[PDB]
Amino acid sequence: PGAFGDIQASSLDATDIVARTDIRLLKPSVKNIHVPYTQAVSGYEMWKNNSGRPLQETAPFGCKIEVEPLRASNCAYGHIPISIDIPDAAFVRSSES
Amino acid sequence: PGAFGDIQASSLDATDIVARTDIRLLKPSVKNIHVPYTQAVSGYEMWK
Amino acid sequence: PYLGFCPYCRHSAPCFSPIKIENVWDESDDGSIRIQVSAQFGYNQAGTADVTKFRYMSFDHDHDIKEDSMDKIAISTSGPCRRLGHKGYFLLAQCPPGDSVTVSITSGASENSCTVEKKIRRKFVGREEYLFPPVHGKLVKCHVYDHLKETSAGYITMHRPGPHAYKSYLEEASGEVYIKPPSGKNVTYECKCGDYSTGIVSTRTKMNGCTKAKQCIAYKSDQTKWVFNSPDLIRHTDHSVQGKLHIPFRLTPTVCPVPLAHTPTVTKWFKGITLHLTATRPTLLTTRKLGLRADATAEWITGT
Amino acid sequence: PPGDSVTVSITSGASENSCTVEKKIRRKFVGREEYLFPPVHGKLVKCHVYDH
Amino acid sequence: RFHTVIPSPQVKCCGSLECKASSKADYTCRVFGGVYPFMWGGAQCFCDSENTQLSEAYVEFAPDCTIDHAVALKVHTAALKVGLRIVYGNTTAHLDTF
């Protein structure tokens, strides 16, 4: 409770929701009907306040983060060994060049 | 711009007013007619 | 159109009111908030569709449904709020910053108001603080409550009303207890003065073996209603899901205008830059290297 | 409500006479926890109030 | 954000109640003794004692969660795909490769 992922589910429409929010019920003291309860704050909001900057502003190597699907575009790092079969048709013999 | 004496003149009514306030015009984007711009804060206010 | 137990009525003390605020949502990016209260908006006594008037439960021993006009509804957090929409149990209004939200009906001098604590802050979209959407600026993706009253953000389950006992239905005379149902209405009564005994009466009825008024109860068989699953009511024995209302004003995506800061002045030097920055309001600056180590830095900057 | 001054006014038709005096009226609470309103559920402690 | 939904309390007027075992999210049920509650008519029951109440509460997803929600993922080895523009002599070629 009180931290990120205190309520979890496989999907928004899934009915098998599991949560631990530290909810507790207290004895009703007032004469009028009412149910009292105290509960830990939503951990989602706590993480939202303390989320920090996203990965779009922190990924190194100039990596442009994107979603749907998760990916990192235009990422500059390393060397790519390339072996290429250039066709002989484009080649021109030295006797004519 | 943004410092004391960004706008200067020899008198309040003098027409030879000289200023360098770093004002730049921006391309309009909305359909309705309006001129957008940006400009540094008044250096006189900053000194005040 | 039930009545809840508002913590803060007009005077101050908690009391039972027809306009108790149950839930408040402010997830929209334009400051609009969706409010849920016990009264039903857009309807008359029979429930017929009409924007002008709403309904509520009366403050009497018959607790029939009474009606009032839209012009007598006031929503306020710190100053008066602008009513953007209303549908059934729900309202949607744009409000200024405040620590609590209040909804009131001004029936002449009867200013019945319910207030509930809710920290409504001024929020914005983008990387720039502002009071109003600027006329000129970038167009970014935002999410705002749809003002269309027939949209659907979800659902609320309502169930059959429970027993609502009344002492006006009970009369004490010569150390004897009587039940006086309202004319033409059948009333289920039950008592315990020894052997527990229930039944239904429809006229001025004697009861035997009972000396004190606090041993019996009577209530009319009101199955002609539905009530939200509120924590301020006593539920029926068969509390099965017997209804689902929509939650209007779906939070839909759209495009919001956000300001563009004054372009910084960059002064170069050997392996380094100096950005002279001017921003009347807090503007976010985020820098990062393009090597092995990001060395990311973020800062909200004001002034020059 | 909380305010920096208190004003009392009479509005005899269009003749409005209002007297204002500086007085830092602040929101005060009883107990050990701040609250905007006295909640429905909670402890009952000793307080002192101007009799109505 | 979770919406902490609270079902309307039930009272066994002059008997007793027992906490059942439901499977809601963070389900919490308790039973309290004599309460003698008031709704609007000055009384809801006929037994000043043995007038128990059942306090019930659980949580669900907030109505506005369909937009303002966070998805938790784990990542594995990542494959790098590149689009290449390659020119030889006269001929240019665009090709996407792994």
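Each value in this text was obtained by applying a stated rule to the coordinates, not by laboratory testing. Backbone-built Cβ (ideal geometry, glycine too); neighbour counts: all protein chains shown.
Considering the range C:9-38 alone, what residues qualify as being of a type outside the set (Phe, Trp, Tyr) and free of Cβ contacts under 8 Å to residues at least 60 places away in the same chain?
Filtering the range C:9-38 down to residues of a type outside the set (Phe, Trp, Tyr) leaves C:9-15, C:17-24, C:26-38.
Within the range C:9-38, C:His11, C:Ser12, C:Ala13, C:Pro14, C:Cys15, C:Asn23 qualify.
The residues listed here are C:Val227, C:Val201; of these, the one that is within 14 Å of chain A (Cβ to nearest Cβ) and β-branched (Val, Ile, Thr) is C:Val227.
Identify all residues within the range E:5-21 that are among the hydroxyl-bearing types (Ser, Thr, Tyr) and either part of a strand (DSSP E or B) or at the interface with chain C (Cβ under 7 Å from one of its Cβ atoms) (or both); write none if there are none.
E:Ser8
So that you can scan it fast, the table gives a plain yes or no per residue for (1) within 30 Å of C:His136 (Cβ to Cβ); (2) at the interface with chain E (Cβ under 10 Å from one of its Cβ atoms); (3) assigned to a strand (DSSP E or B):
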| position | (1), (2), (3) |
| --- | --- |
| C:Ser183 | no, no, no |
| C:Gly209 | no, no, no |
| C:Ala218 | no, yes, yes |
| C:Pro253 | yes, yes, yes |
| C:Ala261 | yes, no, no |
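Residues of the range A:14-24 that are surrounded by fewer than 17 Cβ atoms within 10 Å (Cβ to Cβ), in a strand (DSSP E or B) and under 26 Å from the mean Cα position of the chain (by Cα): A:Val18 alone.
Taking every residue in the range B:1-18 that is over 10 Å from B:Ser42 (Cβ atoms) and pairing it with any residue that is in a loop (DSSP other than H, G, I, E, B) and among the hydroxyl-bearing types (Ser, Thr, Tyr), at least 6 positions away or on another chain, the pairs with Cβ-Cβ distances below 7 Å are B:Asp16/B:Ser10.
Selection within the range A:67-82: residues that are free of Cβ contacts under 8 Å to residues at least 12 places away in the same chain and surrounded by 10 or more Cβ atoms within 10 Å (Cβ to Cβ). The member of this set that is nearest to the chain's Cα centre (by Cα) is A:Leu70. Of the residues in the range C:102-125, not one is under 30 Å from C:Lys192 (Cβ atoms) and touching a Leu at 6+ places or on another chain (Cβ under 8 Å). Comparison of C:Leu139, C:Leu131 shows that the only residue that is surrounded by fewer than 16 Cβ atoms within 10 Å (Cβ to Cβ), of a type in the set (A, V, I, L, M) and touching a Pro at 6+ places or on another chain (Cβ under 8 Å) is C:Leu139. The residues of the range A:25-37 that are part of a loop (DSSP other than H, G, I, E, B) and either buried (at least 18 other Cβ atoms within 10 Å of the Cβ) or facing chain D (nearest Cβ under 10 Å) (or both), listed by number, are A:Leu26, A:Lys27, A:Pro28, A:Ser29, A:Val30, A:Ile33, A:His34, A:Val35, A:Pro36.
Those residues that are of a type in the set (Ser, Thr, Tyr), away from chain A (no Cβ under 14 Å) and either surrounded by fewer than 16 Cβ atoms within 10 Å (Cβ to Cβ) or part of a loop (DSSP other than H, G, I, E, B) (or both), I need them from the range C:263-304; list them, please.
Restricting attention to the range C:263-304, the residues satisfying the condition of being of a type in the set (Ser, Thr, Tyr) are C:263, C:265, C:267, C:274, C:278, C:280, C:283, C:286-287, C:297, C:302, C:304.
Within this subset, residues satisfying the condition of being away from chain A (no Cβ under 14 Å) are C:263, C:265, C:267, C:274, C:278, C:280, C:283, C:302, C:304.
If the condition is that a residue be of a type in the set (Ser, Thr, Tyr), away from chain A (no Cβ under 14 Å) and either surrounded by fewer than 16 Cβ atoms within 10 Å (Cβ to Cβ) or part of a loop (DSSP other than H, G, I, E, B) (or both), then C:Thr263, C:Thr265, C:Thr267, C:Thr274, C:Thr278, C:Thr280, C:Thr302, C:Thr304 are the ones that fit.
Is there a residue being within 18 Å of the chain's Cα centre (by Cα), free of Cβ contacts under 8 Å to residues at least 12 places away in the same chain and more than 14 Å from chain E (Cβ to nearest Cβ) anywhere in the range C:73-80? There is at least one residue in the range C:73-80 that is within 18 Å of the chain's Cα centre (by Cα), free of Cβ contacts under 8 Å to residues at least 12 places away in the same chain and more than 14 Å from chain E (Cβ to nearest Cβ).
I need the full set of residues from the range A:38-71 which are under 19 Å from C:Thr286 (Cβ atoms), facing another protein chain (nearest Cβ under 8 Å) and not in a loop (DSSP other than H, G, I, E, B), in order please. Passing the criteria: only A:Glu57. Criterion applied to E:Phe32, E:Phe2, E:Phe61 was being at negative phi, buried (at least 19 other Cβ atoms within 10 Å of the Cβ) and more than 9 Å from chain C (Cβ to nearest Cβ), and the one residue passing it is E:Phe2.
Residues in the range C:220-251 that are part of a strand (DSSP E or B) and acidic (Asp, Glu): there are none.
Taking the range C:152-179, which residues are in a loop (DSSP other than H, G, I, E, B) and within 30 Å of C:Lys212 (Cα to Cα)? If you could, list the steps in order and put the result at the bottom.
Start the filter on the range C:152-179 by keeping residues that are in a loop (DSSP other than H, G, I, E, B), which leaves C:152-154, C:160, C:162-165, C:167-169, C:174-175.
Passing the criteria: C:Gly162, C:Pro163, C:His164, C:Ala165, C:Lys167, C:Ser168, C:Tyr169, C:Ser174, C:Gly175.
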